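Asks: once you've seen the sequence and the experimental structure below, I've got questions.
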Amino acid sequence: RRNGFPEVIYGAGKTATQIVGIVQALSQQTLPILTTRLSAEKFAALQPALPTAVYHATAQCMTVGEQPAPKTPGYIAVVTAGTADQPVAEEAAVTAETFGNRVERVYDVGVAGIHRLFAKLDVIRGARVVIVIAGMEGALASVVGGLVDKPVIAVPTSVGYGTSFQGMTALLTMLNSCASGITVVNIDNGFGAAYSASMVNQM
Amino acid sequence: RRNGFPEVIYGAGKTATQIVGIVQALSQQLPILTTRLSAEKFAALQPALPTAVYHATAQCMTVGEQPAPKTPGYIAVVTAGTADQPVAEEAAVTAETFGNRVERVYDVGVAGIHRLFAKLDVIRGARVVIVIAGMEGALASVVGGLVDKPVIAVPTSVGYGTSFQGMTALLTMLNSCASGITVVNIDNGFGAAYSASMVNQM
Amino acid sequence: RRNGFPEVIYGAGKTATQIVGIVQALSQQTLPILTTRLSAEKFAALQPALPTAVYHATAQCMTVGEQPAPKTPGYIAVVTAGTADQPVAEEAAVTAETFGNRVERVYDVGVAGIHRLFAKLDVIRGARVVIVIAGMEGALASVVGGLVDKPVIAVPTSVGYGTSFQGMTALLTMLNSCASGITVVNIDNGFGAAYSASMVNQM
Amino acid sequence: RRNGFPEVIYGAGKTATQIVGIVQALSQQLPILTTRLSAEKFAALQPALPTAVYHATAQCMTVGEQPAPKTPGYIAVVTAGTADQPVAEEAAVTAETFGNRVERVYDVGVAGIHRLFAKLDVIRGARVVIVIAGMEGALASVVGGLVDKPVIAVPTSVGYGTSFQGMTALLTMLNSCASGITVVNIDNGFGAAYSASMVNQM
Amino acid sequence: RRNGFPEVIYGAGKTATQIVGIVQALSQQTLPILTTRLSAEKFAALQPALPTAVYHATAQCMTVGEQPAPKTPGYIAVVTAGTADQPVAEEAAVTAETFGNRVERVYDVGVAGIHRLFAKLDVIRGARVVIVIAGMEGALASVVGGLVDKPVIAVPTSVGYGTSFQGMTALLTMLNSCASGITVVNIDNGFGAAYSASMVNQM
Amino acid sequence: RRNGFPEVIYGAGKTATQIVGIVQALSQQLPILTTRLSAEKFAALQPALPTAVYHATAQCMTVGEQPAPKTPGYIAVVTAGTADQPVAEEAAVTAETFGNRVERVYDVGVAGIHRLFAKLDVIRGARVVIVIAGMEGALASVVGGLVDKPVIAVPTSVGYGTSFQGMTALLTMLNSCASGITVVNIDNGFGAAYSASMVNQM
Amino acid sequence: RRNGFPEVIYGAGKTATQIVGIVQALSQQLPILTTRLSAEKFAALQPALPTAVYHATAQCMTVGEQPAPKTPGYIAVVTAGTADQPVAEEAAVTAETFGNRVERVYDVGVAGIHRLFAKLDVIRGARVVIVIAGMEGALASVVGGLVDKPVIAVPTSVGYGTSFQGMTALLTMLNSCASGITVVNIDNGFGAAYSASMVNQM
Amino acid sequence: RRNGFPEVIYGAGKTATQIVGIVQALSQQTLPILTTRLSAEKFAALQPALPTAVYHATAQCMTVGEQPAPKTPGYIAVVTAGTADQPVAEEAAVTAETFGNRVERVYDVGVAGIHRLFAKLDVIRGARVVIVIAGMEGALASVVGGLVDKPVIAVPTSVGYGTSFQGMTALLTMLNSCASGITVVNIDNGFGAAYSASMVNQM
Ligand SMILES: Nc1ncnc2c1ncn2[C@@H]1O[C@H](COP(=O)(O)OP(=O)(O)OC[C@H]2O[C@@H]([n+]3cccc(C(=O)O)c3)[C@H](O)[C@@H]2O)[C@@H](O)[C@H]1O
Ligand SMILES: Nc1ncnc2c1ncn2[C@@H]1O[C@H](COP(=O)(O)OP(=O)(O)OC[C@H]2O[C@@H]([n+]3cccc(C(=O)O)c3)[C@H](O)[C@@H]2O)[C@@H](O)[C@H]1O
Ligand SMILES: Nc1ncnc2c1ncn2[C@@H]1O[C@H](COP(=O)(O)OP(=O)(O)OC[C@H]2O[C@@H]([n+]3cccc(C(=O)O)c3)[C@H](O)[C@@H]2O)[C@@H](O)[C@H]1O
Ligand SMILES: Nc1ncnc2c1ncn2[C@@H]1O[C@H](COP(=O)(O)OP(=O)(O)OC[C@H]2O[C@@H]([n+]3cccc(C(=O)O)c3)[C@H](O)[C@@H]2O)[C@@H](O)[C@H]1O
Ligand SMILES: [Mg+2]
Ligand SMILES: [Mg+2]
Ligand SMILES: [Mg+2]
Ligand SMILES: [Mg+2]
Ligand SMILES: [Mg+2]
Ligand SMILES: [Mg+2]
Ligand SMILES: [Mg+2]
Ligand SMILES: [Mg+2]
Ligand SMILES: [Mg+2]
Ligand SMILES: [Mg+2]
Ligand SMILES: [Mg+2]
Ligand SMILES: [Mg+2]
Ligand SMILES: [Mg+2]
Ligand SMILES: [Mg+2]
Ligand SMILES: [Mg+2]
Ligand SMILES: [Mg+2]
């Protein structure tokens, strides 16, 4: 509309054919098209029909449309606790970049080896908004929130077994931090966090 | 320091004397905000800090005349019902103590949604919107879909039965984050205003 | 019996062969036969044995028997929040039509774009009973309940990931509305809601 | 207005003075029903509204002589045990204040199911049945399978331990909706009568 | 031992080859051998090695050893609410018969059509112990418990979708009955209920 | 009637006067047992029933001299700790009022399991064993594996934190039913003795 | 006996007289430690044991002058906030009564993590570390990753809302056990010091 | 580092190719390499690339590096309640042995037949640390804790059906014991318990 936000397809409840119909209908509008939670088998069914589509395997995201050059004099930090958080981390990063934001990835800096976090603390503190992504104990959000004076958006992930409860423990831990200045989204919702981060970053 | 934020005392686990001790030590540190301060604890505290202002509904205490706002924008504090007013006023008083303009849009739940559209101009003009609701957390979803500004949802613990002291409102809000919505802990109006302040003042 | 209600088969705990035996035994009685939660592979095993059966792919329902012409001077509105709710939405609509009710589908009017709801508010308010079907935040039920002065039956769906909890959050949200005038059924139970709606509509 | 429904005050989060203020403002709006009103709050309210009727068991207050019923049919209020009577009487008083005939079928739980069949003629003759039960929510399932009329099940919070303040009764009732059963929130006898009234008066 | 109870194999955590080793080792002892939760594919791997084994498809149980003639002047009633409860119902019935008990099956008498229950109430009341098996609302246990003056053992089943929660709701309902004289076992544990019923029946 | 069981009043939701009314109506019905009767409610009740016996720990009241036991066997009431004694004594007093011999084997939890083996002869000689435990429900599993008699496990609500007012003890006991174990609701010593009585007297 | 451990009374479910009775019976059994002893129960107990020491914050009571420590190493008792001090002091007093040196590292939560690194030399020098925290249980994860010594995490029940009386802190700590972390029940500072004592004294 | 602890790979969130890259990079460092939760199909993809790797099928663990000779004058007891606990039991035992500890396995001594436990009580009491591993009712931890005056670490397993709740009941039971002297780890985390046991054993 009057806002520059791209169209977003939730490719989970839609089939690969439904998506091609939704994409082809909105390919005559404007902006770019972002599709989240799009399986690798679904993009195979998409590659002939949408030959201009770019698939980001790790993020399970698909973008059709030239990525916008960065539009704001700042960057968003996407901070991850472990490599298992990378899929939802890349979902947020691809979302933030599709929305026109510079993204600095600070991956695999969980508190199990907290020295890695302080080595990249200069990068995290320089961002305008920090997205912290973690599963299991999700303790990294609390540590980051107490160390940066910038808006932090915490993303709980469903990574882990046992008492991780498909992300519920990470969610409860991060909500109990809220070390102030932390705000939380639903489990695995890297897109939603990047949506909010983009609005904060683009002020 | 170095960030511009006033000092914050979490006066729940502290006695009326401990709070007076923290204030006198901080008489070189802006204004002082004290959250979650009961009236019975403020009565014992009123003879000690004669310049202190108590916000009964917010259960908050301010120690020092606030200067002008730091930023010309405003934060919108939106509530679904009058029962949400305590944590709303906690968020509103926190945001104002941090130097933010606050416009209160109270009691506009979706049971009578016409009240919400009447105040939609005020909400959309805000730089950040804090939506506060209990029981059904539906107000966050409606606001999030109607404003293209950051929304921070605060679930309240109002209600019995299946409201589960805010647990249902919290889960409802978390499932609306695909909009511009982000969520804080139950009743944490302070935390919401803390993040809202940072977004508004950048 | 003395009531016009059709026979209903719960084709979930029965195999495609058991269903043909249950159908063939009741095909000498009266009324129509409705079978819910009937997989697409199960209807394939049914098509030779029951050549008069009609399968509604989206609803996962099977009807054997001429659909009754509408029997009451009113219609039931089946209102859905998103396209992912369509399977259980069609389960309710096929049930309500099998019971002899006119059905007006008002699909994909979730509160993410609430303007779509008011565009079809005339249709919803004209119904005698409204079935509201939604997953995730299930907030649409509360919004509809406050806007219509007719009995509303809310159906929580198991659509969604994370903290949706296979419909539990939608269920709790709708139960906490009950904006008065809302009544709730079990997760994904579009049939049960249409059963109650039919009784209200047929008074 | 425009719907025929009396005004409803949720007198739980309001003080005895606030309720009297809402009534005097509404002295142009039918009868006035006030739900969830404690006796300690009604005592302070009794000198203010001398024409008011208090239903002790229902914790409800009515402000105005009810006219005749609007419809010749009746709503059946069915309870499994005497402990369910408060929320039952809340539902019964609400339904009568909305202009519905109410036949009470109380204390007919399945522990002694012979009581249920003795009153089955009254239940089946109803236009709508509200079934109210706690602990095991089994009465809803039995009634739902025995009547071909809309059933609205109300779980109550009676009991300790694994009753979980109505959570088990609620889950039991939700899993009986394949019958003619539909469910409301725990203890929400008002909401059940509200929907029952609409079904009965169409 | 000094008690006549047969050996019981929990064929869930054991593979079809492990079971043949456990069976062959105890086939030189005494009594019969009962194996519960034994998949249909596992009995295929068992049929060559154990050619004297009998598989009860519905119960997912396997018995090696001549079934004992009834040993007590009474019978146990195994009462079921719906056909979906039949697998765990047959698990209890095969267990009770392997332990030397007469079993009277009263199947598919749920409260949705309660008239079926009273038609077989004479049979249920004549038993020395009643095993009530039900899922979803598990309300049948409460109804049976109030109608019979005999020990009742309630078995919650994991049948159902939505808010049935894989048997948790049935379990909570039955525990809240305990209409006195009802006692409860773990979800789907028809064996454990028949174990206790056998001890009560054999006094 | 027709079953030999004494009349049972659930005196929790009833007042001291209501209970006296039920007793006088039942003065043609065996002994009368009243469960879950507080001492403050029994004090108001003591002048009314001067022949009544109160069991303080069990919170139970008996109205009539019990005849001899009906059956020579005995029910074993086994507890893991002294905190379980109230619901244990409720089960013991219920079983004795129903005409069963009761042997109490109290405070034999697995923290000091040597106490359990010292009293194993008494437990194994029982016709039915009621095992009562809170926190870790481990005593049921140990007893169930050691006796070839019906075991009825009663979880108690003793403890805070992750005991969850008996929820953990309940889940532990339910997962031991592969032994000779069957389970009742939290704190339901009455229900356990009710079933135990039926097994013992057949 | 035979293990060197002092006798431990769980004084929560016992009255001030019962505890004095257990002590007089134990006057041949080391020092006597009594945990979870309220001040109102200790006031009635103070005239009875005039040699007894009460630790108000720990709600613990010691009966006998402790000899020297048994082992030259020390146990570190680490807390995230001042609200954790009661269960921390319960753990500290228990560990000292069992003959262990205790170094308290209090109020070093990750909200201000600089306090933690300032005291890291003391924590790393410990033979066993007990980490005690509520709300977010993040302090256990940070400590577990920073020390190569056994860590025993104690969740506390501080907080409302989604802290769930320690349930969230407990789940957070359990998901950090891949470090050197092991977990005890909510608020169980005694149990943590009990295991810590065994590790420290081997 | 200065500590002798081996490198540990969490082979759950990594693919068989990622693991070969992580292993080959750390095969030029020191100590042994332990990889937990490594599927049997993943080791097949590993056997050509890592020909010196040893796979322990039951433990789902992989070790590359000569196992260290025992380094402390004591042994750790790994005590199990049932055969279904053996996978996580062997995960702990392989971890403890990779860390340089003698391990005494006391398997299948659940309280259903408690006499088996006392027969091996001499072995359990002689250990410096006891790891108790149990699912379902996890009652064995409480029984062991009251019988030994040594540090006990309880591991809840996700074995079982119904109300076992994938290990939650065992976890809650063991936490409620903490019979003092018991300490608890997350569900199925035999590695984490052996990590702590190794530190206690190596003092
Ligand atoms: N069997 C086992 N179960 C659980 N953890 C085990 C393990 N064996 C080793 N580990 C250890 O777990 C660690 C992570 O495994 P890795 O291979 O690197 O995998 P990684 O991606 O780094 O971690 C997986 C999950 O743990 C979460 N995490 C870890 C640490 C801290 C935080 C935080 O909240 O700050 C979050 C993280 O968000 C992610 O979702 C490793 O150091 C490894 O030694
Ligand atoms: N990664 C992501 N995770 C969650 N949501 C994401 C998303 N990316 C975009 N979205 C957004 O979610 C929205 C829905 O996705 P779509 O493609 O249209 O799919 P849709 O069928 O419309 O929604 C799926 C579920 O969301 C429920 N819902 C949505 C909105 C409001 C309400 C209500 O309670 O009123 C309920 C609805 O009941 C349904 O069960 C889209 O606007 C999309 O932009
Ligand atoms: N979409 C749907 N979802 C849920 N139920 C639906 C349905 N469509 C019809 N139904 C109705 O559900 C009923 C059962 O289905 P059916 O084909 O016969 O299958 P059935 O085996 O009889 O029942 C399946 C489960 O419901 C449980 N149940 C049912 C009724 C009472 C009780 C009790 O606790 O007494 C328990 C029973 O224990 C079993 O585990 C049918 O009458 C059918 O009309
Ligand atoms: N249908 C059934 N459902 C559940 N249990 C059934 C059963 N049929 C027999 N059983 C019995 O369950 C027992 C175990 O089965 P098995 O073949 O040996 O298999 P097993 O590995 O020994 O036990 C499986 C699970 O039960 C747990 N368990 C069992 C006993 C005690 C404890 C404890 O906490 O001390 C824990 C154990 O940790 C393990 O995770 C057998 O004696 C068998 O007779
Ligand atoms: Mg990693
Ligand atoms: Mg911050
Ligand atoms: Mg309002
Ligand atoms: Mg928005
Ligand atoms: Mg849609
Ligand atoms: Mg309405
Ligand atoms: Mg009654
Ligand atoms: Mg019906
Ligand atoms: Mg059936
Ligand atoms: Mg009975
Ligand atoms: Mg004791
Ligand atoms: Mg047994
Ligand atoms: Mg602090
Ligand atoms: Mg460590
Ligand atoms: Mg075994
Ligand atoms: Mg010990």
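Replies: Yep, it's here. Numbering: from 1, shown residues only, chains lettered A, B, ... in the order given. Ligands and ions are numbered 1, 2, ... in the order given.
Asks: neighbouring strands of the host helix or strand of residue A:78 in the sheet, and parallel or not?
Replies: Under the criterion of DSSP states H and E, residue A:78 resides in strand A:75-80. Using DSSP bridges, strand A:75-80 pairs in its sheet with strand A:102-106 (parallel), strand A:129-134 (parallel).
Asks: the helix or strand just after the longest one close to chain G?
Replies: Tracing the chain past strand A:129-134, the next element assigned as helix or strand by DSSP H and E is helix A:140-147. Yes. Using CB under 8 Å from any CB of the partner chain, helix A:140-147 comes into contact with chain G via A:142, A:143, A:145, A:146, A:147. For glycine as for every other residue, the C-beta is placed from the backbone atoms N, C-alpha and C.
Asks: what number of residues lie near the third one?
Replies: By the measure other CB atoms under 10 Å in any protein chain shown, the count of residues near residue A:145 is 28.
Asks: and the second one, by the same measure?
Replies: Neighbouring residues of residue A:143 were enumerated by other CB under 10 Å; the total is 27.
Asks: one step back: turn the strands paired with strand A:75-80 into JSON lines, columns for distance to ligand 8 and mean neighbour count.
Replies: Below are the strands paired with strand A:75-80 laid out as JSON lines (distance: least, CB to the ion, whole Å; neighbours: other CB atoms under 10 Å in any protein chain shown):
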{"stretch": "strand A:102-106", "distance to ligand 8": "21", "mean neighbour count": "19"}
{"stretch": "strand A:129-134", "distance to ligand 8": "16", "mean neighbour count": "31"}
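Asks: wait, residue A:42 touches residue A:19, no?
Replies: Yes. Applying CB atoms under 8 Å, one finds residue A:42 in contact with residue A:19, separated by 7.0 Å.
Asks: need the overlap of contacts for these two.
Replies: residue A:11 (CB atoms under 8 Å, 6 or more residues apart in numbering or on different chains).
Asks: look at these two and report which has more neighbours.
Replies: residue A:19 (24 against 21).
Asks: quickly find the element holding the residue lying farthest from the centre of chain A.
Replies: No residue in chain A sits farther from the centre than residue A:48, which is 27.2 Å out by CA atoms, centre = their mean. Using DSSP H and E, residue A:48 maps to neither a helix nor a strand.
Asks: show me the contacts for it.
Replies: Here residue A:48 is in contact with no residues (criterion: CB under 8 Å, 6+ apart).
Asks: switch to 10 Å and redo it
Replies: For residue A:48, the contacting residues are residue A:20, by CB atoms under 10 Å, 6 or more residues apart in numbering or on different chains.
Asks: how about residue A:105?
Replies: Residue A:105 neighbours (CB under 10 Å, 6+ apart): A:76, A:77, A:78, A:79, A:80, A:86, A:89, A:90, A:92, A:93, A:120, A:123.
Asks: what do you get for residue A:19?
Replies: Counting by CB under 10 Å, 6+ apart, residue A:19 has contacts A:9-11, A:33, A:35, A:38, A:42-43, A:45-46, A:49-50, A:53, A:62.
Asks: what's the answer for residue A:52, then?
Replies: Neighbours of residue A:52 in contact, by CB under 10 Å, 6+ apart: A:23, A:27, A:33, A:63, A:64, A:65, A:66.
Asks: strands - which of those residues land there?
Replies: A:33, A:63, A:64 (DSSP state E).
Asks: dump the strands paired with strand A:75-80 to JSON lines, plus distance to residue C:4.
Replies: Shown next, in JSON lines, are the strands paired with strand A:75-80 (distance: least, CB to CB, whole Å):
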{"stretch": "strand A:102-106", "distance to residue C:4": "62"}
{"stretch": "strand A:129-134", "distance to residue C:4": "56"}
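Asks: ok, now which ones touch residue A:177?
Replies: A:132, A:138-139, A:141-146, A:152, A:154, A:183-184, B:184-185, B:188, B:191, G:110-111, G:135-136, G:138.
Asks: cutoff 6 Å now
Replies: Contacts for residue A:177 (CB atoms under 6 Å, 6 or more residues apart in numbering or on different chains) come out as A:141, A:142, A:145, G:136.
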